[PDB]
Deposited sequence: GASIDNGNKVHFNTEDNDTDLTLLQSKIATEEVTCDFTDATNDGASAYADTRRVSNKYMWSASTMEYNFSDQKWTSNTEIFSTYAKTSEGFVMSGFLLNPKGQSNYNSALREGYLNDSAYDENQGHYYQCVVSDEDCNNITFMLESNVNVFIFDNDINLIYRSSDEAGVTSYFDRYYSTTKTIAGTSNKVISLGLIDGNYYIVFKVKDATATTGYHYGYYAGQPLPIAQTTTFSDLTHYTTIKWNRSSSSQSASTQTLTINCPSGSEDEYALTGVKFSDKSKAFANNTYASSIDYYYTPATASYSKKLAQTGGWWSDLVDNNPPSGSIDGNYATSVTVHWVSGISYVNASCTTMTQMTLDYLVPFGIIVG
């Protein structure tokens, strides 16, 4: 028997804490979740719930009568989120049998020890250990701290309704998750959703004010093309969290329109070396002159490291002006995924 009702002595009120993390700039580390340019980001504003009241009864049960948790592992598409989610309505036909929705959660890796809950107003969740002893209750967010690696709690609007959003990390072991109603006479708030395995990948963006690809190239009066190695930016993550940041994209905003380089150059090529590799890459021009210069598929790993830059000016055919020059300059933006409940809340 799963005793949710009776209070425990080993329960202490938990404190919601997330690290205050800042991405620094100054003028290789792989990601622990395998996140990359192909991973699908998680958006609370996109999360949909099934209108099917009996959704919980569609889940297969173990020989012991539990529903096994989903396992979020580097989602590359919607189908991956659909199968990793466990959701239900506590006013369904299945609720009265054992007075709750009973799940099993297995944690074997510290990097896949996450549980993220999304509870509507009439839902309470309880977590039991392998001996069926209560180690967590969401009602007042109390638990046995020795089982927790981390704890975070907030509120998000999911499918037009306010949800209690909880993200926690457990030590390795076998666990049971039970969902019970707050008030059996409530008119609404009977839905719950949850994800186990990896934390949710959250898309983040950061633009640096330090100028990249910034140089004045003066025509050498003989060659048809001239190159110059430009600024290298060192991007730093707070110590020991380098592996939490996962680089998904690089964009360079061209800031040189006012120098009208088109008057003496046929084109300008822009290159960069991402933090996640040692080789140079030609940046793709999204449009014409002064359009964004992108790497939509950078090598996977941490945003931490050095970003080198270089440019190649191709002079116009018929170039004859002695003091002809090009002044180039871009500002860098990085697109990356970070874990919900660890880096962002």
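**Q** Where does the model have holes with respect to the deposited sequence?
**A** Missing CA coords at 1-10, 38-52.
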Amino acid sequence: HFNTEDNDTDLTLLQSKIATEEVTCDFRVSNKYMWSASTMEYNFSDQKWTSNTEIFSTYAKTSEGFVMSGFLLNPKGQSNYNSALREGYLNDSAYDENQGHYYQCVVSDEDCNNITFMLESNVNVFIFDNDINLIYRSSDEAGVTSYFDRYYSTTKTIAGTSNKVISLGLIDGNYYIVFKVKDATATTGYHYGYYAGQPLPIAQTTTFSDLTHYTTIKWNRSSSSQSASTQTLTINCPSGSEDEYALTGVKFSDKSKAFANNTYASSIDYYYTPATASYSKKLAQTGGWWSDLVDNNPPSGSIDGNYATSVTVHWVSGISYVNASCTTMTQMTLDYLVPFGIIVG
From here on, numbers count along this sequence of modelled residues.
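**Q** Pick between 257-265 and 94-102: the one whose mean CA B-factor in the entry is higher.
**A** Averaging CA B-factors over each stretch, the winner is 257-265.
**Q** Which of the two stretches, 278-286 or 60-68, shows the higher mean Cα temperature factor in the record?
**A** Mean C-alpha B-factor is greater for 278-286.
**Q** Among the choices 168, 247, 237, 119, identify the one whose CA B-factor in the record is greatest.
**A** Max CA B-factor in the entry, restricted to 168, 247, 237, 119: 237.
**Q** From 230, 145, 82, 198, can you pick the one with the highest C-alpha B factor in the entry?
**A** Reading the PDB entry, the winner on C-alpha B-factor is 230.
**Q** Place residue 337 in the lowest, middle or highest third of its chain's C-alpha B-factors, as listed in the PDB entry.
**A** Residue 337: CA B-factor falls in the lowest third of its chain.
**Q** Taking the entry's C-alpha B-factors for this chain, is residue 47 in the lowest, middle or highest third?
**A** Residue 47: CA B-factor falls in the lowest third of its chain.
**Q** Based on the deposited C-alpha B factors for this chain, I'd like to know if residue 114 is in the lowest, middle or highest third.
**A** Residue 114: CA B-factor falls in the lowest third of its chain.
**Q** Lowest, middle or highest third: where is residue 221 by C-alpha B factor in its chain?
**A** For residue 221, whose C-alpha B-factor we compare with every modelled residue in the chain, the answer is the highest third.
**Q** Comparing against every modelled residue in the chain, figure out the third that the C-alpha B-factor of residue 40 lands in (lowest, middle or highest).
**A** Its C-alpha B-factor belongs to the lowest third of this chain's values.
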